[PDB]
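Visitor: Pasting protein28.txt below, which is compact mmCIF, C-alpha atoms and all ligand atoms.
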```txt
# COMPACT_ATOMS: atom_id res chain seq x y z
CA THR A 1 32.36 20.53 13.97
CA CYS A 2 30.19 19.32 11.08
CA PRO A 3 30.97 15.72 9.89
CA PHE A 4 31.69 14.86 6.24
CA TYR A 5 28.53 12.72 5.70
CA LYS A 6 26.35 15.84 6.38
CA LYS A 7 28.08 17.89 3.64
CA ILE A 8 27.06 17.91 -0.06
CA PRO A 9 30.23 18.38 -2.15
CA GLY A 10 30.35 20.98 -4.94
CA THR A 11 27.60 22.99 -3.27
CA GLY A 12 27.20 25.34 -0.35
CA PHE A 13 24.75 22.84 1.20
CA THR A 14 24.50 20.83 4.43
CA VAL A 15 21.80 18.35 5.50
CA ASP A 16 20.55 18.06 9.15
CA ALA A 17 23.51 20.12 10.41
CA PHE A 18 22.20 22.66 12.98
CA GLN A 19 24.25 21.64 16.13
CA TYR A 20 27.73 22.69 14.90
CA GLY A 21 27.45 26.51 14.98
CA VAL A 22 28.05 28.45 11.77
CA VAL A 23 29.28 25.87 9.26
CA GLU A 24 32.11 27.22 7.09
CA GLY A 25 30.93 27.80 3.52
CA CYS A 26 27.28 26.88 4.15
CA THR A 27 24.86 29.14 2.22
CA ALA A 28 21.73 26.98 2.77
CA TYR A 29 20.80 24.45 5.46
CA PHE A 30 18.42 21.61 4.48
CA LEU A 31 16.27 19.85 7.14
CA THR A 32 14.90 16.43 6.09
CA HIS A 33 12.36 16.05 8.96
CA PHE A 34 11.28 17.32 12.41
CA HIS A 35 12.96 14.72 14.71
CA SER A 36 15.20 16.09 17.49
CA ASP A 37 18.50 14.34 16.53
CA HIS A 38 18.14 16.06 13.10
CA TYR A 39 16.90 19.58 14.07
CA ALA A 40 19.18 19.84 17.17
CA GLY A 41 20.34 23.48 17.43
CA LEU A 42 17.52 25.36 15.60
CA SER A 43 15.70 28.21 17.49
CA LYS A 44 14.21 31.77 17.12
CA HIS A 45 17.80 33.07 16.90
CA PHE A 46 18.66 31.17 13.68
CA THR A 47 19.29 33.65 10.81
CA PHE A 48 20.40 31.53 7.76
CA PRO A 49 18.01 30.12 5.06
CA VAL A 50 16.41 26.73 5.96
CA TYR A 51 14.98 24.57 3.14
CA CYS A 52 12.37 21.90 4.01
CA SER A 53 8.81 20.62 3.34
CA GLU A 54 5.68 22.71 4.11
CA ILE A 55 4.85 20.51 7.16
CA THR A 56 8.41 20.77 8.55
CA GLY A 57 8.19 24.54 8.04
CA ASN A 58 4.90 24.72 10.03
CA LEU A 59 6.65 22.92 12.92
CA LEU A 60 9.75 25.18 12.76
CA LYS A 61 7.53 28.30 12.94
CA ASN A 62 5.10 27.19 15.69
CA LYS A 63 7.15 24.78 17.89
CA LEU A 64 10.75 26.21 17.65
CA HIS A 65 9.68 29.85 16.80
CA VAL A 66 12.03 30.20 13.84
CA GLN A 67 11.27 33.51 12.09
CA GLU A 68 9.18 33.25 8.92
CA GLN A 69 11.76 35.19 6.80
CA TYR A 70 14.29 32.30 7.08
CA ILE A 71 11.89 29.36 6.41
CA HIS A 72 11.88 28.24 2.72
CA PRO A 73 9.23 25.54 2.18
CA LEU A 74 9.41 23.64 -1.15
CA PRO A 75 6.66 21.58 -2.80
CA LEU A 76 7.24 17.83 -3.32
CA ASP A 77 7.89 16.19 -6.69
CA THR A 78 8.85 19.56 -8.28
CA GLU A 79 12.22 20.69 -9.78
CA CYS A 80 13.35 23.81 -7.83
CA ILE A 81 16.51 25.96 -8.23
CA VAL A 82 18.22 26.84 -4.91
CA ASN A 83 21.38 29.04 -4.96
CA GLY A 84 21.90 28.01 -8.61
CA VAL A 85 21.51 24.22 -8.09
CA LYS A 86 18.49 22.09 -9.18
CA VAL A 87 16.91 20.11 -6.26
CA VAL A 88 13.82 17.87 -5.79
CA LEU A 89 12.10 16.85 -2.51
CA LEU A 90 10.52 13.35 -2.46
CA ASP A 91 8.27 11.73 0.20
CA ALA A 92 10.46 9.59 2.53
CA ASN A 93 7.62 7.39 3.96
CA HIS A 94 8.91 8.23 7.48
CA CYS A 95 7.02 10.73 9.74
CA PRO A 96 4.78 13.60 8.53
CA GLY A 97 6.75 16.13 6.42
CA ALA A 98 9.81 13.87 6.04
CA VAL A 99 11.66 14.08 2.72
CA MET A 100 14.49 12.64 0.63
CA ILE A 101 16.53 15.24 -1.35
CA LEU A 102 17.82 14.83 -4.96
CA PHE A 103 20.70 17.21 -5.82
CA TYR A 104 21.74 17.78 -9.48
CA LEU A 105 25.34 19.05 -9.09
CA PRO A 106 26.79 21.61 -11.53
CA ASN A 107 29.43 19.05 -12.69
CA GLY A 108 26.77 16.43 -13.78
CA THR A 109 26.95 14.33 -10.58
CA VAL A 110 23.53 13.31 -9.07
CA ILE A 111 23.19 12.70 -5.31
CA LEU A 112 20.23 11.23 -3.38
CA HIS A 113 20.06 11.88 0.38
CA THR A 114 17.35 9.61 1.89
CA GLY A 115 17.15 11.39 5.28
CA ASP A 116 15.29 8.89 7.45
CA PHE A 117 13.07 6.61 5.24
CA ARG A 118 11.07 3.39 5.01
CA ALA A 119 11.85 2.11 1.51
CA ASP A 120 8.84 1.06 -0.56
CA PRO A 121 8.33 -0.27 -4.14
CA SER A 122 6.21 2.86 -4.90
CA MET A 123 9.50 4.85 -4.84
CA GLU A 124 10.55 2.97 -8.03
CA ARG A 125 7.88 5.14 -9.85
CA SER A 126 8.78 8.52 -8.38
CA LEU A 127 11.01 11.05 -10.24
CA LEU A 128 13.85 8.54 -9.42
CA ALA A 129 12.78 6.27 -12.33
CA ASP A 130 14.56 8.41 -14.91
CA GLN A 131 18.10 8.75 -13.90
CA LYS A 132 21.40 7.75 -12.63
CA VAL A 133 22.45 8.43 -9.05
CA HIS A 134 26.22 8.60 -8.45
CA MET A 135 26.14 8.90 -4.64
CA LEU A 136 23.52 7.62 -2.13
CA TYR A 137 23.52 8.94 1.47
CA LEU A 138 21.58 6.07 3.05
CA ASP A 139 19.50 5.60 6.26
CA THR A 140 21.14 2.36 7.43
CA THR A 141 19.28 2.12 10.81
CA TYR A 142 18.36 -1.57 10.27
CA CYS A 143 21.11 -2.71 7.85
CA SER A 144 21.43 -6.37 9.04
CA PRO A 145 19.30 -9.42 8.11
CA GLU A 146 18.17 -10.02 11.71
CA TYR A 147 16.05 -6.88 11.45
CA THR A 148 12.61 -8.14 10.42
CA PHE A 149 9.17 -6.69 11.21
CA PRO A 150 5.62 -6.72 9.69
CA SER A 151 4.01 -4.19 7.34
CA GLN A 152 2.48 -1.10 8.95
CA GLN A 153 -0.94 -2.34 7.65
CA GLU A 154 -0.59 -5.69 9.52
CA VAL A 155 0.38 -3.89 12.77
CA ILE A 156 -2.59 -1.50 12.52
CA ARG A 157 -5.00 -4.46 11.85
CA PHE A 158 -3.72 -6.05 15.09
CA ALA A 159 -4.11 -2.82 17.10
CA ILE A 160 -7.66 -2.05 15.80
CA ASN A 161 -8.88 -5.65 16.42
CA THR A 162 -7.30 -5.77 19.91
CA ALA A 163 -8.77 -2.41 21.01
CA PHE A 164 -12.24 -3.07 19.51
CA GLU A 165 -12.48 -6.53 21.18
CA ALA A 166 -11.41 -5.16 24.61
CA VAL A 167 -13.84 -2.20 24.67
CA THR A 168 -16.79 -4.23 23.27
CA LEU A 169 -16.24 -6.82 26.04
CA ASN A 170 -15.83 -3.97 28.59
CA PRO A 171 -17.43 -0.57 27.70
CA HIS A 172 -15.68 0.90 30.81
CA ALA A 173 -12.10 0.26 29.53
CA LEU A 174 -9.76 3.16 28.57
CA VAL A 175 -7.24 2.89 25.72
CA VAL A 176 -3.85 4.68 26.14
CA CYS A 177 -1.16 5.18 23.43
CA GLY A 178 2.43 6.36 24.08
CA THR A 179 4.23 9.08 22.04
CA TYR A 180 7.55 11.08 22.27
CA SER A 181 7.82 12.67 18.81
CA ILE A 182 5.90 13.07 15.57
CA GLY A 183 5.40 9.89 13.53
CA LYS A 184 3.21 6.77 13.97
CA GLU A 185 -0.01 8.85 14.23
CA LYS A 186 -1.94 6.06 12.40
CA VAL A 187 -1.73 3.90 15.57
CA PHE A 188 -3.88 6.21 17.71
CA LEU A 189 -6.00 7.57 14.84
CA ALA A 190 -7.06 4.09 13.64
CA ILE A 191 -7.95 2.91 17.18
CA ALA A 192 -10.05 6.05 17.87
CA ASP A 193 -11.84 5.70 14.53
CA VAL A 194 -12.97 2.06 15.22
CA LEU A 195 -14.16 3.06 18.74
CA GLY A 196 -16.11 6.18 17.63
CA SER A 197 -13.97 8.46 19.82
CA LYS A 198 -11.72 11.48 19.47
CA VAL A 199 -8.13 11.20 20.72
CA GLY A 200 -7.51 13.18 23.94
CA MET A 201 -4.11 14.79 24.60
CA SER A 202 -2.18 17.68 26.19
CA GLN A 203 -2.28 21.21 24.78
CA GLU A 204 1.39 20.83 23.67
CA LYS A 205 0.72 17.62 21.71
CA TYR A 206 -2.52 19.08 20.20
CA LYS A 207 -0.45 22.08 18.91
CA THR A 208 2.05 19.69 17.26
CA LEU A 209 -0.68 17.71 15.45
CA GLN A 210 -2.33 20.95 14.21
CA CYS A 211 0.90 21.61 12.17
CA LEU A 212 0.73 18.34 10.11
CA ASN A 213 -1.87 18.96 7.32
CA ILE A 214 -3.87 15.80 8.22
CA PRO A 215 -7.30 15.91 6.48
CA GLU A 216 -10.32 16.37 8.79
CA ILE A 217 -8.01 16.61 11.89
CA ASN A 218 -10.49 18.77 13.87
CA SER A 219 -12.93 15.81 13.71
CA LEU A 220 -10.29 13.38 15.19
CA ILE A 221 -8.40 15.04 18.14
CA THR A 222 -9.22 17.06 21.28
CA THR A 223 -7.85 18.60 24.49
CA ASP A 224 -11.05 17.62 26.41
CA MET A 225 -9.82 14.39 28.05
CA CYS A 226 -13.21 13.63 29.65
CA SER A 227 -14.91 13.49 26.22
CA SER A 228 -12.45 10.82 24.92
CA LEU A 229 -11.71 7.10 25.62
CA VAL A 230 -8.44 7.05 23.65
CA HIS A 231 -5.74 9.07 25.50
CA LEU A 232 -2.19 9.98 24.42
CA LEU A 233 0.55 10.12 27.04
CA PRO A 234 4.34 10.54 26.95
CA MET A 235 6.14 7.24 26.16
CA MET A 236 7.88 7.41 29.58
CA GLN A 237 4.51 7.08 31.36
CA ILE A 238 3.60 3.78 29.59
CA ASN A 239 4.42 1.49 32.54
CA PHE A 240 2.34 0.01 35.39
CA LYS A 241 3.11 2.89 37.84
CA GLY A 242 2.38 5.67 35.32
CA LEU A 243 -0.81 4.02 34.08
CA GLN A 244 -2.06 3.35 37.66
CA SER A 245 -1.50 7.04 38.39
CA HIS A 246 -3.34 8.11 35.21
CA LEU A 247 -6.37 5.88 36.00
CA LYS A 248 -6.83 7.65 39.38
CA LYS A 249 -7.23 11.00 37.58
CA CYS A 250 -10.18 9.83 35.44
CA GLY A 251 -12.74 10.16 38.30
CA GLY A 252 -14.15 6.60 38.31
CA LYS A 253 -15.17 6.65 34.64
CA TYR A 254 -12.95 3.60 33.89
CA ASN A 255 -12.04 0.25 35.52
CA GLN A 256 -9.43 -1.12 33.02
CA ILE A 257 -6.53 0.21 30.82
CA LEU A 258 -5.33 -1.29 27.56
CA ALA A 259 -2.06 0.51 26.54
CA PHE A 260 0.09 0.45 23.37
CA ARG A 261 3.87 1.18 23.15
CA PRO A 262 4.82 1.59 19.55
CA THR A 263 8.49 0.68 19.32
CA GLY A 264 10.73 -0.03 16.42
CA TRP A 265 12.34 -3.43 16.19
CA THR A 266 12.82 -5.44 19.42
CA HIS A 267 14.39 -8.93 19.95
CA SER A 268 10.84 -10.41 20.36
CA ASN A 269 10.43 -9.88 16.51
CA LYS A 270 12.93 -12.70 16.11
CA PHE A 271 10.40 -15.28 17.35
CA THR A 272 6.86 -13.82 17.62
CA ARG A 273 4.49 -13.29 14.66
CA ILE A 274 2.32 -10.15 14.98
CA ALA A 275 -0.87 -12.26 15.40
CA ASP A 276 0.72 -14.12 18.38
CA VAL A 277 1.79 -10.97 20.31
CA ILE A 278 0.64 -10.92 23.95
CA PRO A 279 0.77 -8.13 26.57
CA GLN A 280 2.45 -7.63 29.94
CA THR A 281 -0.35 -7.59 32.55
CA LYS A 282 -0.69 -6.52 36.20
CA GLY A 283 -4.22 -6.47 37.66
CA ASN A 284 -6.51 -4.30 35.48
CA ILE A 285 -3.68 -2.91 33.26
CA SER A 286 -2.28 -4.54 30.10
CA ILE A 287 0.60 -3.16 27.91
CA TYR A 288 1.25 -4.23 24.27
CA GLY A 289 4.58 -3.57 22.55
CA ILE A 290 3.80 -3.28 18.83
CA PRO A 291 6.58 -3.19 16.15
CA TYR A 292 5.39 -0.20 14.11
CA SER A 293 8.53 0.85 12.15
CA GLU A 294 9.10 4.09 10.19
CA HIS A 295 12.50 2.82 8.96
CA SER A 296 13.27 0.26 6.21
CA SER A 297 13.58 -3.41 7.14
CA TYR A 298 16.77 -5.10 5.86
CA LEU A 299 14.82 -6.64 2.94
CA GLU A 300 13.11 -3.31 2.00
CA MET A 301 16.48 -1.45 2.05
CA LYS A 302 18.18 -4.15 -0.04
CA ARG A 303 15.42 -4.06 -2.71
CA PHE A 304 15.59 -0.26 -2.99
CA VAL A 305 19.38 -0.12 -3.33
CA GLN A 306 19.52 -3.04 -5.85
CA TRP A 307 16.88 -1.20 -7.96
CA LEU A 308 18.63 2.21 -7.76
CA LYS A 309 22.15 0.85 -8.53
CA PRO A 310 24.16 3.75 -7.03
CA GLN A 311 27.90 4.02 -7.80
CA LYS A 312 28.83 4.77 -4.13
CA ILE A 313 26.94 4.48 -0.82
CA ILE A 314 27.62 6.69 2.26
CA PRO A 315 25.81 5.39 5.42
CA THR A 316 24.29 8.06 7.72
CA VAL A 317 23.36 5.73 10.70
CA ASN A 318 25.49 3.28 12.75
CA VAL A 319 28.64 5.19 11.65
CA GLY A 320 30.39 5.23 15.05
CA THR A 321 31.95 1.71 15.35
CA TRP A 322 34.41 -0.17 13.12
CA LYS A 323 32.29 -3.33 13.52
CA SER A 324 29.13 -1.56 12.26
CA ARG A 325 31.02 0.07 9.36
CA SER A 326 32.61 -3.24 8.24
CA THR A 327 29.28 -5.12 8.47
CA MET A 328 27.46 -2.51 6.32
CA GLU A 329 30.27 -2.46 3.71
CA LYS A 330 30.07 -6.30 3.38
CA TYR A 331 26.31 -6.15 2.70
CA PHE A 332 26.69 -3.39 0.10
CA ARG A 333 29.25 -5.57 -1.79
CA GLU A 334 26.99 -8.65 -1.59
CA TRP A 335 24.09 -6.62 -3.01
CA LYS A 336 26.24 -5.30 -5.89
CA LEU A 337 27.63 -8.78 -6.80
CA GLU A 338 24.16 -10.44 -6.68
CA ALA A 339 22.51 -7.79 -8.90
CA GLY A 340 25.48 -7.14 -11.26
CA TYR A 341 26.02 -3.32 -11.02
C1 LIG A 401 -13.02 -4.43 35.38
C2 LIG A 401 -12.15 -5.23 34.44
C3 LIG A 401 -10.78 -5.19 34.59
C4 LIG A 401 -9.87 -5.86 33.67
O1 LIG A 401 -8.68 -5.78 33.68
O2 LIG A 401 -10.42 -6.67 32.71
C5 LIG A 401 -11.82 -6.75 32.53
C6 LIG A 401 -12.28 -7.57 31.49
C7 LIG A 401 -11.32 -8.31 30.59
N1 LIG A 401 -11.00 -9.73 30.99
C8 LIG A 401 -12.20 -10.62 30.98
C9 LIG A 401 -10.26 -9.83 32.27
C10 LIG A 401 -13.66 -7.66 31.28
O3 LIG A 401 -14.15 -8.42 30.27
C11 LIG A 401 -14.57 -6.96 32.10
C12 LIG A 401 -14.10 -6.17 33.13
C13 LIG A 401 -12.72 -6.05 33.36
NI NI A 402 13.63 10.24 12.15
```
Before anything else, please render the file you have as structure tokens.

Guide:
Amino acid sequence: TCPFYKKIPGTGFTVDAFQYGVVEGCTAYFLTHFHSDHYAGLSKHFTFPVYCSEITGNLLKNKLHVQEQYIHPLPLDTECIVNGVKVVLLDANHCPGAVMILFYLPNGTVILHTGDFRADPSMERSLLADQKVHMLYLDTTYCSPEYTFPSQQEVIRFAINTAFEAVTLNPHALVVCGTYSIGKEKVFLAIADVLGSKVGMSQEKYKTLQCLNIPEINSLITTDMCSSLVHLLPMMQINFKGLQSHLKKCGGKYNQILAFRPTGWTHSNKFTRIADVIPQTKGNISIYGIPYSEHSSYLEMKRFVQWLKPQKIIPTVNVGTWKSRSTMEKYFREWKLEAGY
């Protein structure tokens, strides 16, 4: 059954609540983004209204075959009335099509649901600048000060420079990038752009990228693997055995693989600056773990919440243990006492 932190009180609305059957009293189901833990349960057999971004709607239609009559895309940064309640969708700076949702309740209460987000100072000049938020439903994925990582820009600079050096030294090297979901497309797009190549991938992954409204996409991606020296593979194949196997299939075009595994945070972020990152190597294969995050760092999250000054915070991640819950509650109180709200 549907948990309390996925319900929006005083409305008929739920958020990211498709795996619980028919939810009692739910007249409209919101979907913040197309990641599997959030869409779990949606299919061609779903017959209630779904509200989401245009990009999320494209993915629902083409990947999950949800019927067009039930998909309700909304524009960003625009006041919309849904079942008698004013709502706004805001860019979440997560994966393509990901949104935060502002709900203006009939009783005067204002709720922000962040979905999954990477907090940024640019959000301080969205439609949030105006007004008071009474309740914040917060992506607390990395809510502890040990969680540090670089900017996305710094990580992409490292990846571009690393790939360009390797292929200029050896014109017969292949670059491989791992993926298991939408998000983090800049990693493979930036590498292909510096190398003058299209990105080669499966038919299934090509279909997914065609749903994302990325400008000039037809110029950047392909299903013709032989025409490309940047290949995308499933994340599970980014290991010495899987990469050895892939190199065999390329028909003696290549004699080296440089591979990237975009992760989130790992314990090596504790002690290794992005510039000092080194790969795991076996023979003619090297693998780089790069900390490309689409979730807020601790510091980014703290700045956002101290700016917004919500009256109450409801975490939506790390909710399952008493230790996690107590830790998060202690940080929220510190933030409030430091800033004075
Ligand atoms: C064939 C080959 C395999 C490999 O793993 O690395 C290479 C490098 C990179 N450093 C120097 C080892 C080259 O510069 C040139 C060729 C290769
Ligand atoms: Ni997500």

Visitor: Collect all residues with atoms no farther than 9 Å from ligand LIG 401 (chain A), counting only C-alpha atoms and all ligand atoms, and output them as a PyMOL selection string.

Guide: chain A and resi 166-173+254-258+281-286

Visitor: Please write as a PyMOL selection string the list of polymer residues whose atoms come within 10 Å of (26.8, 23.5, 14.2), counting all atoms listed in the file and keeping to the coordinates of the file.

Guide: chain A and resi 1-3+16-24+40-42

Visitor: Counting only C-alpha atoms and all ligand atoms, what residues are within 9 Å of ligand NI 402 (chain A), given as a ChimeraX atom specification?

Guide: /A:32-38,94-95,98,115-117,182-183,294-295

Visitor: Pick out the closest residue to residue A:279 from this set: A:46, A:206, A:70, A:260. Count all atoms listed in the file.

Guide: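 When distances to residue A:279 are compared using all atoms listed in the file, the smallest one comes from A:260.
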
Visitor: Which residues are close to stretch 266-269 of chain A, i.e. within 10 Å by all atoms listed in the file, leaving aside same-chain residues fewer than 4 positions away? Reply as a list in words.

Guide: residues 146, 147, 148, 149, 150, 273, 274, 277, 289, 290 and 291 of chain A

Visitor: So that I can see what lies close to residue A:128, please list as a VMD selection string the residues with an atom at most 12 Å from it, counting all atoms listed in the file and leaving out residues fewer than 3 positions away in the same chain.

Guide: chain A and resid 77 88 to 91 100 to 103 110 to 112 114 121 to 125 131 to 133 304 to 305 307 to 310

Visitor: Please identify all polymer residues within 9 Å of residue A:184, counting only C-alpha atoms, omitting same-chain residues fewer than 3 positions from it, and present them as a list in words.

Guide: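 Non-adjacent residues within range: residues 94, 95, 96, 179, 181, 187, 188, 262, 292, 293 and 294 of chain A.
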
Visitor: Could you tell me how far atom CA of residue A:176 sits from atom CA of residue A:247, in Å to one decimal place?

Guide: 10.2 Å

Visitor: Compare A:141, A:67, A:306, A:219 by their minimum atom-to-atom distance to residue A:332, counting only C-alpha atoms, and give me the closest one.

Guide: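 Among A:141, A:67, A:306, A:219, it is A:306 that comes nearest to residue A:332.
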
Visitor: What is the distance, in Å and to one decimal place, between atom CA of residue A:137 and atom CA of residue A:47?

Guide: 26.8 Å

Visitor: Can you list, as a list in words, every protein, DNA or RNA residue that comes within 9 Å of residue A:61 when you count only C-alpha atoms, leaving out same-chain residues fewer than 6 positions away?

Guide: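 Neighbouring residues, sequence-local ones excluded: residues 44, 67, 68 and 71 of chain A.
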
Visitor: Take stretch 268-293 of chain A, bring it up to N, CA and C atoms, and give me the output as a CSV table (one decimal), keeping the file's coordinate frame.

Guide:
```
chain,number,residue,atom,x,y,z
A,268,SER,N,12.1,-9.6,20.6
A,268,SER,CA,10.8,-10.4,20.4
A,268,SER,C,10.3,-10.6,18.9
A,269,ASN,N,10.7,-9.7,18.0
A,269,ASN,CA,10.4,-9.9,16.5
A,269,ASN,C,11.1,-11.1,15.9
A,270,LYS,N,12.2,-11.5,16.5
A,270,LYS,CA,12.9,-12.7,16.1
A,270,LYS,C,12.0,-13.9,16.1
A,271,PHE,N,11.1,-14.0,17.1
A,271,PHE,CA,10.4,-15.3,17.4
A,271,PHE,C,8.9,-15.2,17.4
A,272,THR,N,8.3,-14.0,17.4
A,272,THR,CA,6.9,-13.8,17.6
A,272,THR,C,6.2,-13.1,16.4
A,273,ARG,N,5.3,-13.9,15.7
A,273,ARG,CA,4.5,-13.3,14.7
A,273,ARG,C,3.5,-12.3,15.3
A,274,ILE,N,3.2,-11.2,14.5
A,274,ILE,CA,2.3,-10.2,15.0
A,274,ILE,C,1.0,-10.7,15.6
A,275,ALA,N,0.4,-11.6,14.9
A,275,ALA,CA,-0.9,-12.3,15.4
A,275,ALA,C,-0.7,-12.9,16.8
A,276,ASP,N,0.5,-13.4,17.1
A,276,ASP,CA,0.7,-14.1,18.4
A,276,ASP,C,1.2,-13.2,19.5
A,277,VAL,N,1.3,-11.9,19.3
A,277,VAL,CA,1.8,-11.0,20.3
A,277,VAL,C,0.8,-10.9,21.5
A,278,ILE,N,1.4,-11.0,22.7
A,278,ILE,CA,0.6,-10.9,24.0
A,278,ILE,C,1.2,-9.8,24.8
A,279,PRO,N,0.4,-9.2,25.7
A,279,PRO,CA,0.8,-8.1,26.6
A,279,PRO,C,1.5,-8.5,27.9
A,280,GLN,N,2.1,-7.5,28.5
A,280,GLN,CA,2.4,-7.6,29.9
A,280,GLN,C,1.3,-7.2,30.8
A,281,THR,N,0.9,-7.9,31.8
A,281,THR,CA,-0.4,-7.6,32.6
A,281,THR,C,-0.1,-7.6,34.0
A,282,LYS,N,-0.7,-6.6,34.7
A,282,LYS,CA,-0.7,-6.5,36.2
A,282,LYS,C,-2.1,-6.0,36.6
A,283,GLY,N,-2.9,-6.8,37.3
A,283,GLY,CA,-4.2,-6.5,37.7
A,283,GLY,C,-5.0,-6.0,36.5
A,284,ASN,N,-5.6,-4.8,36.5
A,284,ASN,CA,-6.5,-4.3,35.5
A,284,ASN,C,-5.8,-3.5,34.4
A,285,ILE,N,-4.5,-3.6,34.2
A,285,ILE,CA,-3.7,-2.9,33.3
A,285,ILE,C,-2.9,-3.9,32.4
A,286,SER,N,-3.0,-3.8,31.1
A,286,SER,CA,-2.3,-4.5,30.1
A,286,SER,C,-1.5,-3.6,29.2
A,287,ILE,N,-0.3,-3.9,28.8
A,287,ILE,CA,0.6,-3.2,27.9
A,287,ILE,C,1.1,-4.0,26.7
A,288,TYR,N,0.8,-3.6,25.5
A,288,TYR,CA,1.2,-4.2,24.3
A,288,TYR,C,2.4,-3.4,23.6
A,289,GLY,N,3.5,-4.1,23.4
A,289,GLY,CA,4.6,-3.6,22.6
A,289,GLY,C,4.3,-4.0,21.1
A,290,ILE,N,4.1,-3.0,20.2
A,290,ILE,CA,3.8,-3.3,18.8
A,290,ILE,C,4.9,-2.7,17.9
A,291,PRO,N,5.4,-3.6,17.0
A,291,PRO,CA,6.6,-3.2,16.2
A,291,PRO,C,6.2,-2.4,14.9
A,292,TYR,N,5.8,-1.1,15.1
A,292,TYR,CA,5.4,-0.2,14.1
A,292,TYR,C,6.6,0.6,13.7
A,293,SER,N,7.3,0.2,12.6
A,293,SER,CA,8.5,0.8,12.2
A,293,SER,C,8.3,1.9,11.1
```
